[PDB]
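A.B. asks: turn this into a structure:
(chains A and B)
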Amino acid sequence: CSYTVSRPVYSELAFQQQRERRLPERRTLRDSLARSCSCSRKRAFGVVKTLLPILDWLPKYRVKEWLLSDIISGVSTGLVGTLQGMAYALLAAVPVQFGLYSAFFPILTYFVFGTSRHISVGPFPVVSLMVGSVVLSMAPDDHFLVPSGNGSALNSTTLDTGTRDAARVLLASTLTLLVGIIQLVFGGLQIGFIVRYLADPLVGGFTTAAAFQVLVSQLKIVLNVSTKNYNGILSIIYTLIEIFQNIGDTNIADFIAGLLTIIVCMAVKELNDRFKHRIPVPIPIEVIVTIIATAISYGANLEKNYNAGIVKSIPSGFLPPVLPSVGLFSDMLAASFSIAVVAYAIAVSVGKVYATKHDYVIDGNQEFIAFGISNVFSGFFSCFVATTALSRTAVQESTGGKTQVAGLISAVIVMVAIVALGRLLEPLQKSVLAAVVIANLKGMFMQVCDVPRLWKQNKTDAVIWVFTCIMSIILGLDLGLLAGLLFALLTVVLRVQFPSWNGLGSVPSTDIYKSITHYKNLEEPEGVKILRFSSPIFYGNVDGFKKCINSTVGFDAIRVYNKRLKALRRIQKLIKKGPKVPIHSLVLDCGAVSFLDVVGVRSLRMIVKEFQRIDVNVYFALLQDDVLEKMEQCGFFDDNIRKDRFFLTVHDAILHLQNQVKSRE
Amino acid sequence: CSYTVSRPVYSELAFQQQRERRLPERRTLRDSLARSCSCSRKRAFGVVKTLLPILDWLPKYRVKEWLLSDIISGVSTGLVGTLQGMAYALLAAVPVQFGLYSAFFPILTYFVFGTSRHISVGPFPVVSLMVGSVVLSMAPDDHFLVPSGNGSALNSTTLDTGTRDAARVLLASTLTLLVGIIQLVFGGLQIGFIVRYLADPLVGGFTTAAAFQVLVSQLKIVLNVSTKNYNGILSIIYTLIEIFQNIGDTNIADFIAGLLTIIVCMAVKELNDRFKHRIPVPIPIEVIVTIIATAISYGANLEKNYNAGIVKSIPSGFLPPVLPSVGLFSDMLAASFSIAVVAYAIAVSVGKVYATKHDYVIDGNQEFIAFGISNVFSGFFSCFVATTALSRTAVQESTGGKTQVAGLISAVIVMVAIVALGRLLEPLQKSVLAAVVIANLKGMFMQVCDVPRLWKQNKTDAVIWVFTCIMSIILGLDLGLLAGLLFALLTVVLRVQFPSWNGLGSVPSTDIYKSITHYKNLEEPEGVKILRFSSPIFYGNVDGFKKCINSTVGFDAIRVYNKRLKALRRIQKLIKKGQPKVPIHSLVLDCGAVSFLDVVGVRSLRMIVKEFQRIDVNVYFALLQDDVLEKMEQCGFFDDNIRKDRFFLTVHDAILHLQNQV
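C.D. replies: Residues are numbered from 1 along each chain as shown, chains lettered A, B, ... in the order given. Let me share the structure:
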């Protein structure tokens, strides 16, 4: 149809006279906390169902085919998870059995408190890398060597193989307990807005840098070299230079085997990902490559005849729960917070992906509480921080997963691989385990291809991606996230400090106002200069507003007034002996403002007062209701600054100006 | 007065098909790099005028209330400057001989370069300990430690003199020169936007604990309490509890002397404020309480007979300029960066606190080079850093003062006190001059009255004021402003993340759309609702914008889709076996107050459109004026079905679009 209206000019006062405002509701803090405190059995049952979602999806099971689906998904996910755990155990500097421990107990703890259906709780390469880094920083290698072995010249201060692993495991357990406590605190206190600051480019750059560091560490492990656990500033660059300098002390057989298995795994993964229409079930390349590696390494004595690197330290059993060593929280609080927030971000991302893929809901605070309880239970049984790997979750989702029972069955695989099975993997080379991690880095390595796409998009988002990726390499990985979130907040502040001000004008015989820098055939008011200023004025962009006004009016309210004062005294001395030509008004279209920051309303009133002395009216166009109600309490409407200065719409101000010019010459 | 604005409804594609755009100027620097100042002499004369802020106020002052007002004010702040030079020099581990030079030379170069009134350039208490910290670290206390003097058992390892303090002054002079060139090189690239981040409650909440810091720093000297030096965390608390713990060895004669003077000085001060219409020129009680204190001390021997504490160490005569050591600038460079930042922070914080009572807003670029070259001119003469004390800037502004000439005449008082008036203020009890700063300190102690005032105006800045106050007490004045600077910026990102979102509704027989939570007797279109987030959709408020929709529409687009397919599969098996949706048709997001968008916002906003599209409920938008519109189409928002037709220029066009469609 059409758009035509006719109404009087309600600027500020002609609107609030015949409009009865809605009185605010009574606070009544006592009755508010009393009424909010629920006591009926309905709320109790609701909070019990929410806190314990196990009683929700259990009674409505579909056992008929879900039994077979869950058993096959469980055996597959159990194999994949025990392989990923025995691989990531090297990233946390812990023995190979504690990876299987952290692949068994967290699943059982998440089965009774989780809210997802496809999330495979277990180890994670980035989290394991951060745990290993903080363990090396808190317990380096040169702090355990004991002089023994009747050395030639000095005391034989060889490696501390033995009690060193116990100290590392205790440190990892304390770290896991602290991370679980932090997650439970963040969950119970309903403080979940802290993880919203992890932007998509920020987390992308962080994952890219973490994958690069994981590649460096796994290359160090494959080459079988001995570094000095460089940590701190430029740790990755220093250890990479050391690797490049320590090439001579490598193992040719281990390097050849690692390169071969890397090529094979990458080729098989690419073939399975590309030609999916011919093979429905993904081929477990990890399982078959581990089997063939154990078979080849058992035929010939690869440990003695080839001097390879194997585990051969699997006791094939459990251990009683050990009390955590409390007291190391003050020196690892920041590291635990970083690990917890990155693990929660990755878990929420994986959950949202595999939930929008399967069309079900996943609660954030419930996942936080579940991961907290899982890490707390893991800290009592010598396990590290658990998360959900994108590669491990993909297997359970591709093989067909409906409920967490497949995860419970996935624990049975690790269960039988801990009690009796497990000692058969004795001659397995450590390079094979250190290779699948590199093969799983293809997902995060291909994330760099977004920079050419983000650069064509909003450039400020691309700068955050490059800055987060680079800064998370210089000053380590744990402190790199803190340097990324602060940089993102500073970039947000810069976008609200430097707005996009224009010369908004009206199309001929219209009422909508568009910018003048993007159109040609626009008419401007005779004398009046319209201005729009987004990014609401606060204490940091008030000088920007001053400069924008001075640029859009052509002059300055200070210099013109000083010139007028200088010309006035020349008149009073001449009688004793014997600029602002085009500018008529200023309509500020501050319609994109949210807050006002009274520190800035002071300068706004100062501007209004200064422009009044030079006989230049400064009006407003589209101020919001809440903004005006806030400015009223900030001392802005004095006996001279009435409400007639403000307006409701932009066209009403121009109409009032035209009417005043026509009725008053 | 009505007006006819009859115009067909214009969407985005319906407005660009008949109009024309303007070719955006890329403005490449390959040929436009010489457009600032090529040959025009007008731009060259402008930067020289701003470089020398002496040709602005000096050829413009009025001598009516200038001569007598600044002279009585200059001697007031000049006396305080002499006492600070005699006290802060001892804290910097250097001999107390150049303290008067730090108040004379920097003022001369700052009198011409620098436009910031009510500021007395000189030493600052918290910046003197930073200079003394790097001296004791990079220079041992005993350089030679000559073991001579025929002691009791072993050789008398007496501390070497003469050459020890000489290297201490040389090291301190090199640091001031290194800070000066670092302060000057910052003005090269013109980083003047850092001062814009200092809000009035930020500088107000900073110069209230510093007023408490300068109070406890002047309380230990007015009571003669030998306390240790404390810096870092809990610095103000540790010094306060030390005075209360070591209050025993307190000079009773000096206590009653300062207590009697602090009362009479503030009583006449408020008396002048009451009788300001009777006496035109304010009576300079500072020089009055000074001459009577030296009289009662010289005539009674308060030092050798009462132990009251006097200066008795006033130097005499200037010294020729000495060249510094350039080869030592490398070691001092690692520590001078921390001192140079905190020096400029306190320097401009005391300039903005007085910008609220007088319209004298200053610029950061000019003050960065003003204090920069002043410390350079302070260099080569074995002077101190070119900071500004909080006590001297209070005694100059409260007791008269019009321009910076009061600092120039104050240096003249220091110039005559070093060459000819050394023996005059010899028996000065160091109490009437150390407590006179507390009288003028009421101008900053009474600044806490804005907390109940700002609380009723805006709750956010009221918390910012009290946060910087309590944080500067614990973390000291060094980290107090730094932590408050990030906290002030944190309130900006929080107010933009959690806005006052409300559903809008039109007024009857009109096209004005306002919030329905603040009005009554409104109406809402049957099946069409309005939502105005009034905040940009960045990576932080992504889920907040989602929670704003599901809480306003009544239902949740996520839970109604899975239950729909669940019921669809439930009724599907019943056909083979044998056989809470709100009537709201669509929603129009009135996201017109958005100023910027990011990649996370345009991706999440696309998911919202695809989410409601599956529930047979359309989603429309509102005015995207110039930037938030072109950024969406650039980030890949329109692929096959989503087009610019769903947007609207005005909010009423969105309601009229859904009206005639049905």
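A.B. asks: which residue is nearest the centroid of chain A?
C.D. replies: The centre of chain A sits closest to residue A:198, judged by Cα atoms, centre = their mean, with a distance of 2.0 Å.
A.B. asks: surely that one and residue A:344 touch.
C.D. replies: No: using Cβ atoms under 8 Å, residue A:198 makes no contact with residue A:344, being 9.0 Å away. Just so you know, the C-beta spots here come from the backbone N, C-alpha and C atoms, and that holds for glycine as well.
A.B. asks: now do the strands in the stretch 401-550 of chain A.
C.D. replies: Here the stretch 401-550 of chain A has its strands, by DSSP state E, counting those that start in this stretch, at A:505-506, A:513-514, A:528-531.
A.B. asks: burial check on the closest residue to residue A:312 other than its chain neighbours, number of neighbours?
C.D. replies: Spatial nearest neighbour of residue A:312, excluding adjacent residues (Cβ to Cβ, 6 or more residues apart in numbering or on different chains): residue A:426 at 5.0 Å. Residues near residue A:426, counting by other Cβ atoms under 10 Å in any protein chain shown, number 16.
A.B. asks: phi and psi next, for residue A:630.
C.D. replies: phi -80, psi -40 (degrees, to the nearest 10).
A.B. asks: what do you get for residue A:115?
C.D. replies: phi -130, psi 0.
A.B. asks: before we move on, what about the one 10 residues further on?
C.D. replies: Backbone torsions of residue A:125, given as degrees, to the nearest 10, read phi -60, psi -40.
A.B. asks: contacts only, for the residue of the stretch 201-350 of chain A found nearest chain B.
C.D. replies: At 6.5 Å from chain B, residue A:201 is the closest residue in the stretch 201-350 of chain A, using Cβ to the nearest Cβ. Counting by Cβ atoms under 8 Å, 6 or more residues apart in numbering or on different chains, residue A:201 touches A:450, A:454, A:461, A:462, A:464, A:465, A:468, B:599, B:600.
A.B. asks: mind checking which of those residues land in helices?
C.D. replies: Counted as lying in helices by DSSP state H, out of the contacts of residue A:201, are A:454, A:461, A:462, A:464, A:465, A:468, B:599, B:600.
A.B. asks: the third one: neighbour count?
C.D. replies: The local packing of residue A:462 (other Cβ under 10 Å) involves 19 other residues.
A.B. asks: touching, it and residue A:455? I think so.
C.D. replies: Yes: Residue A:462 lies in contact with residue A:455 (Cβ under 8 Å); the separation is 4.7 Å.
A.B. asks: wait, doesn't residue A:340 sit right on residue A:181?
C.D. replies: No: with contacts counted by Cβ under 8 Å, residue A:340 stays clear of residue A:181, the gap being 9.3 Å.
A.B. asks: higher neighbour count, these two?
C.D. replies: residue A:340 (26 against 17).
A.B. asks: outside of stretch A:304-315, which residues touch it?
C.D. replies: A:86, A:95-97, A:224, A:251, A:253-254, A:257, A:297, A:300, A:302-303, A:422-423, A:425-431, A:433.
A.B. asks: which among the residues you listed end up buried?
C.D. replies: A:86, A:95-97, A:224, A:251, A:253-254, A:257, A:297, A:302, A:422, A:425-431, A:433 (16 or more other Cβ atoms under 10 Å in any protein chain shown).
A.B. asks: grab the nearest non-local neighbour of residue A:423.
C.D. replies: Nearest residue to residue A:423, sequence neighbours excluded (Cβ to Cβ, 6+ apart): residue A:316, at 4.4 Å.
A.B. asks: so what does the one you found look like in phi/psi?
C.D. replies: Torsion angles, degrees, to the nearest 10, at residue A:316: phi 60, psi 60.
A.B. asks: can you give me the neighbour number for it?
C.D. replies: Counted with other Cβ under 10 Å, residue A:316 comes out at 15.
A.B. asks: and what of residue A:552?
C.D. replies: The local packing of residue A:552 (other Cβ under 10 Å) involves 19 other residues.
A.B. asks: list the contacts of the residue of the stretch 151-300 of chain A found nearest chain B.
C.D. replies: Taking Cβ to the nearest Cβ, chain B has its nearest neighbour within the stretch 151-300 of chain A at residue A:199, 3.6 Å off. Residues in contact with residue A:199 (Cβ under 8 Å, 6+ apart) are A:461, A:464, A:488, B:539, B:598, B:600.
A.B. asks: leaving out sequence neighbours, find the closest residue to it.
C.D. replies: residue B:539 (3.6 Å).
A.B. asks: about what we covered before: you'd agree the residue nearest to residue A:423 is up against residue A:418?
C.D. replies: Yes: counting by Cβ under 8 Å, residue A:316 touches residue A:418, with 7.4 Å between them.
A.B. asks: so who does residue A:430 touch?
C.D. replies: A:90, A:221, A:309, A:310, A:311.
A.B. asks: meant to ask about residue A:619
C.D. replies: A:585, A:586, A:587, A:588, A:645, A:646, A:647, A:653.
A.B. asks: residues in contact with the fifth one?
C.D. replies: Contact analysis of residue A:645 by Cβ under 8 Å, 6+ apart lists A:12, A:608, A:617, A:618, A:619, A:620.
A.B. asks: which of these tops the neighbour count?
C.D. replies: residue A:620 (25 neighbours).
A.B. asks: of all the residues in the stretch 301-450 of chain A, which one is nearest chain B?
C.D. replies: residue A:359 (5.0 Å).
A.B. asks: can you pull the contacts of that residue?
C.D. replies: Contacts of residue A:359 (Cβ under 8 Å, 6+ apart): B:561, B:562, B:565.
A.B. asks: what's the answer for residue A:380, then?
C.D. replies: So residue A:380 contacts A:173, A:177, A:321, A:322, A:323, A:324 (Cβ under 8 Å, 6+ apart).
A.B. asks: what about the second one, how many neighbours?
C.D. replies: Right, residue A:177. Neighbour tally, residue A:177, other Cβ under 10 Å: 23.
A.B. asks: same thing with the last one?
C.D. replies: Other residues within reach of residue A:324, judged by other Cβ under 10 Å, total 19.
A.B. asks: thought residue A:177 was touching it, still the case?
C.D. replies: Yes: contact criterion Cβ under 8 Å: residue A:324 and residue A:177 qualify, at 4.8 Å.
A.B. asks: which neighbours do those two share?
C.D. replies: A:379, A:380.
A.B. asks: does residue A:82 touch residue A:103 like I think?
C.D. replies: Yes: if you go by Cβ under 8 Å, residue A:82 and residue A:103 touch, sitting 5.8 Å apart.
A.B. asks: between the two, point out the one with more neighbours.
C.D. replies: Using other Cβ under 10 Å as the criterion, residue A:82 and residue A:103 rank with residue A:103 on top: 32 against 29.
A.B. asks: quick one, phi/psi of that one?
C.D. replies: phi -100, psi 0.
A.B. asks: give the contact list for it.
C.D. replies: A:81, A:82, A:84, A:85, A:122, A:123, A:411, A:414.
A.B. asks: ok so, going back, contacting residues around the residue nearest to residue A:423?
C.D. replies: Neighbour list for residue A:316: A:418, A:419, A:420, A:421, A:422, A:423 [criterion: Cβ under 8 Å, 6+ apart].
A.B. asks: count the neighbours of the third one for me.
C.D. replies: The reference is to residue A:420. 11.
A.B. asks: in stretch A:601-615, which residues are buried?
C.D. replies: A:601, A:602, A:603, A:604, A:605, A:607, A:608, A:610, A:611, A:614.
A.B. asks: I'd say the last one and residue A:559 touch.
C.D. replies: Same thing as residue A:614. No: judged on Cβ under 8 Å, residue A:614 makes no contact with residue A:559 at a distance of 10.0 Å.
A.B. asks: got phi/psi on whatever residue of the stretch 1-150 of chain A ends up closest to chain B?
C.D. replies: The minimum distance from the stretch 1-150 of chain A to chain B, using Cβ to the nearest Cβ, falls at residue A:4 (3.9 Å). Backbone torsions for residue A:4, taken as degrees, to the nearest 10, come to phi -140, psi 130.
A.B. asks: list the contacts of it.
C.D. replies: Contacts of residue A:4 were listed using Cβ under 8 Å, 6+ apart, and they are B:4, B:5, B:6, B:7.
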